[PDB]
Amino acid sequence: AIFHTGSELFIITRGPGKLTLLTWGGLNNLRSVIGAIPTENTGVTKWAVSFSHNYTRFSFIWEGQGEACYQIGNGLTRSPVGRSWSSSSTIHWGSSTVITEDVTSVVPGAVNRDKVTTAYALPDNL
């Protein structure tokens, strides 16, 4: 299952842009969160994307001219990330695969947490 040890969620992008994470499907009516994480790197950026406890749906897109792919754990495959909410990269909690899912209807209800949600660009010195 993605997000468990051995199946961590990594992103690789090229050029500047924003990776946006939508955290939804909250238990006990917890409100959804949406936050864009910008990078100014001109080359390759590597990223670690986390879930939050008590949520069951995680959807993300990349907005940037350059490419963006995801990798699970130490797997070798790298596959394209979604670039619009109509075709978001989505994980249902418990799943071992990233799917494409239209989450456009979820976005307006989410609280904005730009620059403070659970997706992180790795630095040049790690």
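When you see a residue number, it is the position in the sequence shown, counting from 1.
> Report the stretch with the higher mean CA temperature factor, choosing between 65-73 and 79-87 on the basis of the entry.
Of 79-87 and 65-73, the stretch with the higher C-alpha B-factor average is 79-87.
> What stretch has the higher average Cα B-factor here, 28-36 or 48-56?
In the deposited entry, the stretch with the higher C-alpha B-factor mean is 28-36.
> Can you tell me which of 107, 12, 9, 21 has the maximum CA B-factor listed in the PDB entry?
Each of 107, 12, 9, 21 was compared by C-alpha B-factor; the highest is 107.
> Hey, what third does residue 42 fall into on Cα B-factor, ranked over its chain?
Highest third.
> Considering only modelled residues of the same chain, in which third does the CA B-factor of residue 97 rank: lowest, middle or highest?
Middle third by C-alpha B-factor.
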